[PDB]
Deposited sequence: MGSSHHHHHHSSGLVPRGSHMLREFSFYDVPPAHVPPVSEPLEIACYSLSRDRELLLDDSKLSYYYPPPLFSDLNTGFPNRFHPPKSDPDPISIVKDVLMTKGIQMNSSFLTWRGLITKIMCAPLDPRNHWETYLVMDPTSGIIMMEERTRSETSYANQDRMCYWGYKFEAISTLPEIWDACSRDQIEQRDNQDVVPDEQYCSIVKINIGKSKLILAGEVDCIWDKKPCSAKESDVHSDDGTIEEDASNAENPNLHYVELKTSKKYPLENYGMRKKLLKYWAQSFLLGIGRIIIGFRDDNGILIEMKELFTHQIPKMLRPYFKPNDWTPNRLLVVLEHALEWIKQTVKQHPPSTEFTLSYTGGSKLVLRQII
């Protein structure tokens, strides 16, 4: 027995309201994976030298990332440890909402998540249960050379070391608690901090007329939008992996920058939000229609549809 949700069955609607994502907790992960309830792993952004060689250190200074999905119970336990109550509809990693939201854009990227409603809180928890080639290293390396740790109050490329923000964000009728990795911060951490946060990306530069470039930027936007990240800073590199150009974007500016280039068919920020809000309402309706602790999988395998299965 399958339940299916059609991207294209969603009528043209007004873009749903989305609240300013509010940080309710944060934590750091040491290089050794120790989970610390502090900001010791929040780094500051500082522009690296132009023509930096992103190959430097690959592979002998590269500690490849863990490469196993993290259970979302980590985040539930963080909130429990700090005595924060979960009064929302969804609890998951930011990147798993990005996957739902951007699925219309990415027929090639197939994924599967696991959902269970928590019996005490009633929130729907979602996780994966199921990245270190030279291309990804350039990404990790750009993050490394573009950041500065806290020093006053306190090289190898260790993507396992991370800072994480946990936000409350409302998308239409769905209240979500989302945990996501924050690459660094623009200035002193305050007022809600997320607009101060920065996402770092590395990419070849293509014109905005290029459909692939637009799709990539839309995914950049979606990711940072879901965590309230104020800035996305792109290190443009050439085919040799040399840093050529720094581009500082404000997240809210990406939908504006792309407006003159969308073709009449294209997926737009507003269309993506409309569909996402319908998908979330559908997931919620389907799950709540059962007793808590019932396990489901949410799958996308190409085409136009999400499929929710009850696990037995």
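In sequence order, what intervals of the deposited sequence carry no C-alpha positions? According to the deposited record, C-alpha coordinates are absent for 1 to 20, 151 to 157, 182 to 192, 229 to 250, which together make up the missing parts.
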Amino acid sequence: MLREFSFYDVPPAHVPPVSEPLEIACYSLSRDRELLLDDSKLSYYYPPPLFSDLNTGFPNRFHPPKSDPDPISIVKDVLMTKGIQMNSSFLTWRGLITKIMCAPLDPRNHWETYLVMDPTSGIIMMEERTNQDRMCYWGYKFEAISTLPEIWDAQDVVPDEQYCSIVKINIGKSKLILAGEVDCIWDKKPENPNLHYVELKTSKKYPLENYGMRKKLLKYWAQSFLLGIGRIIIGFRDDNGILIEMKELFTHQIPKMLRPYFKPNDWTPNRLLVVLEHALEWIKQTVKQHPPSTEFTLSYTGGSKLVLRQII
From here on, numbers count along this sequence of modelled residues.
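Could you check the entry and say whether 257 to 265 or 42 to 50 has the higher mean CA B-factor? That would be 257 to 265.
Out of 83 to 91 and 181 to 189, which one has CA B-factors that are higher on average in the deposited record? Mean B over CA atoms: larger for 83 to 91.
Just grab whichever of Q162, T147, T120, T98 has the top CA B-factor as deposited. Within the set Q162, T147, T120, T98, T120 shows the top C-alpha B-factor.
Highest recorded Cα temperature factor - choice among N270, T251, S67, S28: Comparing C-alpha B-factors across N270, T251, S67, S28, the top value belongs to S67.
Pull the Cα B-factor of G228 out of the PDB entry and bin it into the chain's lowest, middle or highest third. Lowest third - that is where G228 ends up once the chain's C-alpha B-factors are sorted.
Please place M126 in the lowest, middle or highest third of its chain by C-alpha B factor as given in the entry. Ranked within chain, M126 CA B lands in the lowest tercile.
Using the temperature factors of the C-alpha atoms in this entry, rank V198 within its chain: lowest, middle or highest third. Bottom third by C-alpha B-factor.
Quick check for you: using the entry's CA B-factors within this chain, is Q155 in the lowest, middle or highest third? Ranked within chain, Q155 CA B lands in the highest tercile.
When the modelled residues of the chain are sorted by Cα temperature factor, does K247 land in the lowest, middle or highest third? Lowest third - that is where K247 ends up once the chain's C-alpha B-factors are sorted.
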